[PDB]
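Student:
Numbering (the authors' numbering), first residue to last: 530 to 770.
1. What does the Cβ neighbour count give for residue 609, buried or exposed, with the cut at 16 atoms within 10 Å?
2. Given a threshold of 16 other Cβ atoms within 10 Å of its Cβ, counted over all protein chains shown, does residue 675 qualify as buried or as exposed?
3. Under the rule that 16 or more other beta-carbon atoms within 10 Å means buried, what is residue 619, buried or exposed?
4. Rank 648, 656, 685 by C-alpha distance to the C-alpha of residue 668 and give the top, closest one.
5. How about residue 553 and residue 560: do their beta carbons lie closer than 8 Å?
6. On the premise that residue 570 lies in contact with residue 584, defined as a C-beta separation below 8 Å, what is that separation, rounded to the nearest angstrom?
7. Looking only at its own chain, which residues have a Cβ that is under 8 Å from the Cβ of residue 769, when we skip the five neighbours before and after it?
8. Which word fits residue 749, buried or exposed, when buried means at least 16 other C-beta atoms lie within 10 angstroms of its C-beta?
9. Based on Cα-Cα distance, which residue from 543, 651, 659, 698 lies nearest to residue 690?
10. Look at the alpha carbon of residue 784 and the alpha carbon of residue 694, and state the distance between them as a whole number of angstroms.
11. What's the C-alpha gap between residue 621 and residue 696?
12. Please report the Cβ distance between residue 793 and residue 704, rounded to the nearest whole angstrom; I am assuming they are in contact, meaning their Cβ atoms lie under 8 Å.
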């Protein structure tokens with residue numbers, strides 16, 4: 530059940546949302562008060578799924594539009610509760626939000642990243658449940674989306690942090706290897722700079738992987754490897770070229 534102040538703000542917000550035209554400002558008194566309590570309860574590192582679950586039961590009792598509005602609230606950093614739960618590794622909260630069936634997992638924060646992208650970036654190598662959460666995100670998102678500022682993909686972000694299992698998972702979900710970021714860089718280029726040989730091998734094994742894509746200064750994966758002094762990567766790229 531909702532605490533007295535939040536309940537009243539939710540009732541007021543629900544009233545705005547449920548009008549025939551549904552006209553509702555994210556910047557009204559009601560929405561700001563709901564946001565303040567929602568982020569307080571849902572999005573802290575110490576937030577507890579039990580508490581969030583009780584807020585959601587309360588929100589849901591007022592109706593589906595309110596539930597979807599609240600779950601997908603974005604703060605001044607463009608972050609939703611799911612951004613925070615993924616980033617913080619609060620798996621229980623992640624599961625609880627995804628269980629609502631209403632998360633917009635492709636929503637990009639101000640920095641340009643979706644929850645899907647942050648899951649690729651912050652992949653916990655030894656957490657089977659971390660990977661299960663990421664796979665749920667992939668199933669309801671666009672694994673080939675590009676981040677609004679840098680143009681990077683989940684695949685590139687996973688590569689950049691040496692998250693090999695995440696790389697494999699994204700390729701099994703249909704990640705395109707040949708997407709280019711804002712600077713023209715590809716997943717292979719990121720992998721060639723990072724220097725993990727198994728990741729380079731896995732990318733090279735994908736049908737259609739193109740070794741001759743260039744970035745906007747005409748740089749190839751091979752050149753990046755040589756510049757990074759990754760000789761074994763460089764030699765491997767030479768052999769496929």
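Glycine included, C-beta positions come from ideal geometry on N, C-alpha and C.
Tutor: Reading off the structure:
1. Here residue 609 refers to the residue found at position 80 of the chain shown. Buried: at least 16 other Cβ atoms inside 10 Å.
2. As a working note, residue 675 is residue 146 in the chain shown. Label assigned to residue 675: buried.
3. Residue numbering aside, residue 619 sits at position 90 when the chain shown is read from its first letter. Counting Cβ neighbours within 10 Å, residue 619 comes out buried, since at least 16 surround it.
4. The sequence position of residue 668 within the chain shown is 139, counting from 1. When only C-alpha atoms are compared, the closest one is 648.
5. The residue labelled residue 553 in the question sits at position 24 within the chain shown. The residue labelled residue 560 in the question sits at position 31 within the chain shown. Cβ atoms of residue 553 and residue 560: closer than 8 Å.
6. Working through the chain shown from its first residue, we reach residue 584 at position 55. Working through the chain shown from its first residue, we reach residue 570 at position 41. So it is a contact: roughly 5 Å between Cβ atoms.
7. In the chain shown, residue 769 corresponds to position 240, counting from 1. Excluding sequence neighbours, residue 769 sits near 733, 740.
8. On the chain shown, position 220 is the one that residue 749 refers to. Its Cβ being crowded by 16 or more others within 10 Å, residue 749 is buried.
9. Here residue 690 corresponds to residue number 161 of the chain shown, with the count starting at 1. The candidate whose alpha carbon is nearest that of residue 690 is 651.
10. The question about residue 784 has no answer, for the chain in this structure spans 530 to 770.
11. The count along the chain shown starts at 1 and reaches residue 621 at position 92. The count along the chain shown starts at 1 and reaches residue 696 at position 167. If I take the Cα positions, the gap works out to 23 Å.
12. This structure gives no information on residue 793, because the portion of the chain shown stretches from 530 to 770.
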